[PDB]
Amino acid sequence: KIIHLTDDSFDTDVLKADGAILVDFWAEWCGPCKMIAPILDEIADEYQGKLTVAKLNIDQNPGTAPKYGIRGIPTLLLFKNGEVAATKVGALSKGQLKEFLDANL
């Protein structure tokens, strides 16, 4: 139950949503992105009701990533009340992420 964003829906689905939202900026051609993908599927299920996991493919939606810099992928941005609260870059393990979230939530 992951939210698949688009440039047009980003503002509303993320910057105006209620609660915390973890956005994953990725690309089909990134090895590290493909690694964390199945990890994101699991976190979405275990944190349902406590967190919203969203993904934005930067090739299909090239207008959003630039607004946050992004020098590497996968870039995981944790949003809260329409603002970036925490950020990590790279294919973290289910454990490091679980720790990252619990710690920031």
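Counting begins at 1, following the sequence as shown.
Stretch comparison (81-89 versus 5-13) by mean CA B-factor in the PDB entry places 81-89 on top. As recorded in the PDB entry, 34-42 is the stretch of 34-42 and 55-63 with the greater mean C-alpha temperature factor. Sorting the modelled residues of the chain by their CA temperature factor places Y47 in the highest third. In the deposited entry, the Cα temperature factor of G69 sits in the top third of values across the chain's modelled residues. Annotation for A20: C-alpha temperature factor in the highest third relative to the rest of the modelled chain, per the entry.
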